[PDB]
There are 2 protein chains.
Amino acid sequence: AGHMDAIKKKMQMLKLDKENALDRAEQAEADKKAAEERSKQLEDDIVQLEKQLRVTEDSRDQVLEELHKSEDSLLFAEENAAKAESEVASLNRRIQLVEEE
Amino acid sequence: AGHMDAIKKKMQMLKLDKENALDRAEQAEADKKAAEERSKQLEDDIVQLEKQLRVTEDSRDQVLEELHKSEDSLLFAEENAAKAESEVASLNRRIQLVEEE
């Protein structure tokens, strides 16, 4: 085995180390794309959830509107109750005065 | 028709008016309960929606966590890529120096 045979042997072992370093570079570069692809997936996920949030919020705002119309119904019913009670008291005074004629 | 016959007649017409006022009081009192019952219905509706909102929010917070772990994956992959690139350059210098022996 010549001087060059030995050098040959050592270049081969180094090339073997480099091939493994290269494998690791390729894994890492794959891992960078897998991560970037997922990050993108998830970022859209939140977009979708942000929109879903806005919906549930408009849908809530809508029950609130109905609530407000109902509260208004209630108050009008109270007003009407007092109006009729007043009318009944007025007719009772009138029947009393009529009876006394 | 006596003096009292006439008074009788007028008390009857007044009683008729009062019976109608009473009907209106009863409608109004019914309307006050219908409104209060609905207001209650809707107030619970929003409770339910407030809770649903909090869910969708926790579920969003959760995608965000996954996002953060993915971003972290990416950075680690970049670190690993540079590490391996460095190793490959180091082995290339070594093979060059070996060849020259």
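Reminder, nothing fancy here: chain letters follow the sequence lines and each chain counts from 1.
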Q: Please give me the minimum heavy-atom distance between B/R94 and A/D17, naming the atom from each residue.
A: NH2-OD2, 3.9 Å
Q: Could you pull out every donor-acceptor pair under 3.5 Å between side chains of residues 1-15 of chain B and any protein atom, sequence neighbours left out?
A:
{"from": "B/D5", "atom 1": "OD2", "to": "B/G2", "atom 2": "N", "distance (Å)": "3.4"}
{"from": "B/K9", "atom 1": "NZ", "to": "B/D5", "atom 2": "O", "distance (Å)": "3.2"}
{"from": "B/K10", "atom 1": "NZ", "to": "A/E101", "atom 2": "OE1", "distance (Å)": "2.8"}

Q: Quick check on the hydrophobic clustering: are B/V98 and B/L91 connected, directly or via other members, by side-chain heavy-atom contacts under 4.5 Å?
A: yes
Q: Let's go through A/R54 and A/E50 carefully: what are the C-alpha distance in whole Å and the side-chain angles of both, what is the deciding distance for side chain to side chain contact (heavy atoms under 4.5 Å, CB included) to 0.1 Å, and is it a yes or a no?
A: CA-CA 6 Å; A/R54 293 205 57 261; A/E50 296 299 314; 5.8 Å; no
Q: CD of B/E85: more than 12 outside heavy atoms within 6.0 angstrom?
A: no
Q: May I ask you to test the B/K83-A/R24 pair for a side-chain heavy-atom distance under 4.5 Å?
A: no
Q: Taking all atoms of both residues into account, what is the closest heavy-atom pair of A/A21 and B/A84, and its distance?
A: O-CB, 3.8 Å
Q: Quick one: does A/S73's side chain have a donor or acceptor within less than 3.5 Å of a partner on B/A35's backbone?
A: no
Q: Under 6.0 Å from the CD atom of A/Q41, do we count more than 12 heavy atoms belonging to anything else shown?
A: no
Q: Salt bridge (charged side-chain N to carboxylate O under 4.0 Å, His left out) with B/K32: which residues, sequence neighbours excluded?
A: B/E29
Q: Considering only residues two or more places apart or on different chains, which pairs with a residue in residues 62-81 of chain A satisfy salt bridge (charged side-chain N to carboxylate O under 4.0 Å, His left out)?
A: A/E66-A/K69, A/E66-B/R38
Q: Starting from B/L53, walk the hydrophobic network (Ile, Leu, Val, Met, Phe, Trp, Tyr; side-chain heavy atoms closer than 4.5 Å) and list everyone else you reach, by chain and number.
A: A/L53
Q: Is it the case that the side chains of A/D23 and A/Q27 hold a donor-acceptor pair, with the cut-off being a distance below 3.5 Å and no angle test?
A: no
Q: Do B/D58 and B/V55 touch side chain to side chain, with heavy atoms closer than 4.5 Å?
A: no
Q: Checking A/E37 now: which residues fulfil salt bridge (charged side-chain N to carboxylate O under 4.0 Å, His left out) with it, not counting sequence neighbours?
A: A/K33
Q: Starting from the C-alpha separation in whole Å, work towards a yes-or-no answer on side chain to side chain contact (heavy atoms under 4.5 Å, CB included) for A/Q52 and A/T56.
A: CA-CA 6 Å; A/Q52 159 61 332; A/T56 295; 4.0 Å; yes
Q: Residues two or more places apart in sequence or in another chain: which of them pass salt bridge (charged side-chain N to carboxylate O under 4.0 Å, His left out) with B/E36?
A: none
Q: Which atom pair, heavy atoms only, marks the closest approach of B/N92 to A/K18?
A: OD1-NZ, 2.8 Å
